[PDB]
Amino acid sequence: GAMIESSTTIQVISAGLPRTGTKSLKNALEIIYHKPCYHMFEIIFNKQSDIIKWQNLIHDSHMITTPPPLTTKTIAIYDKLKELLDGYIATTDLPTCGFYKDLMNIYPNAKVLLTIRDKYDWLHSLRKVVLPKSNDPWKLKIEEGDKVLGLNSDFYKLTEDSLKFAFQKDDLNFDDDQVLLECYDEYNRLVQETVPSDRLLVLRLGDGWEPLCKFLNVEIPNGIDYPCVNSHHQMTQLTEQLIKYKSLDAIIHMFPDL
């Protein structure tokens, strides 16, 4: 296909929850658009200063009225969200995914994705990487590796509060598997009820390039396989290597996705 000059603005909003292929999708969208895609890893590696800003936004988010019409309070919140996303061509992952409705309003020419997978595979992945149960010994290892990266209690608070926001819960028993499974199913159902079908592509792990590229009117990247990264097995190795070497820079050459 011909090469065309793409605008550096949000063109793709992925509502998919963490551990549904968001990092592979981030990589895929950066391969297509050659500009950055938001993801929690963007906060960890490039924008830790953004943590307080997302926390502030979530704290105020209850004041949004879904437009149209646009209220004064909503405009003020939307401006802060636009600022956070300046320079990016897409959003994935926490903390953005719960804002998909608001991002659709801010970026009316953006298209919407939803990544989904088997609910029990999702929970298992979530418990291995993001939210281990309180009494799980692996939680202490995760926390020890995270400190190497400069991640503290505010990072965990952002994960919790952005998951609460996505699930529209005032509080959440994070150790309750049944609650998380029910929230997962309700969240994915509500996305599909909310986004006009013409504007939504539902992706399942394994779908690869073709449905995505068709939806985005781009050629399939030539000779590049669809990304397959961020497995919980690989995250466990990362945590263990951070613990062992006590720096990211000492080991990053061993993790080509970082």
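Take the two forms, find the largest set of C-alpha atoms that superpose within 1.5 Å, and that set is the rigid core. The first residue of the shown sequence is 1; numbering continues from there.
Asks: Which is farther from the shown form in 4 other deposited structures of this protein in C-alpha RMS with the core fitted, 71-79 or 110-118?
Replies: Looking at 110-118 versus 71-79 in 4 other deposited structures of this protein, the farther one turns out to be 71-79.
Asks: At least a third of the other compared entries leaving residue 230 unmodelled, is that the case?
Replies: No: coordinates for residue 230 present in every compared entry.
Asks: Does residue 64, which is modelled here, drop out in at least a third of the other compared PDB entries?
Replies: Yes; at least one third of the other entries leave residue 64 out.
Asks: Hey, which bit's got the bigger mean C-alpha B factor in the entry, 193-201 or 226-234?
Replies: The recorded data point to 193-201.
Asks: Tell me which stretch, 67-75 or 153-161, has the higher mean Cα B-factor listed in the entry.
Replies: Between 153-161 and 67-75, it is 67-75.
Asks: Select one of 62, 53, 26, 214: the residue whose C-alpha shows the highest B-factor in the crystal structure entry.
Replies: The listed residue with the largest C-alpha B-factor is 62.
Asks: Whose C-alpha has the highest temperature factor in the PDB entry: 239, 11, 22, 247?
Replies: That would be 247, according to the entry.
Asks: Can you tell me which third, lowest, middle or highest, the CA B-factor of residue 137 falls into for its chain?
Replies: Ranked within chain, residue 137 CA B lands in the highest tercile.
Asks: Quick check on the deposited entry: does the C-alpha B-factor of residue 115 sit in the lowest, middle or highest third of its chain?
Replies: Highest third, going by the recorded CA B-factors of the chain.
Asks: Should residue 84 be placed in the lowest, middle or highest third of its chain by the C-alpha B factor in the entry?
Replies: Its C-alpha B-factor, which the entry lists for residue 84, ranks in the middle third among residues of this chain.
Asks: So where's residue 106 on the chain's Cα temperature factor ranking, which third?
Replies: Ranked within chain, residue 106 CA B lands in the middle tercile.
Asks: Within this chain, which third does the Cα B-factor at residue 130 fall in: lowest, middle or highest?
Replies: It falls in the middle third of the chain.
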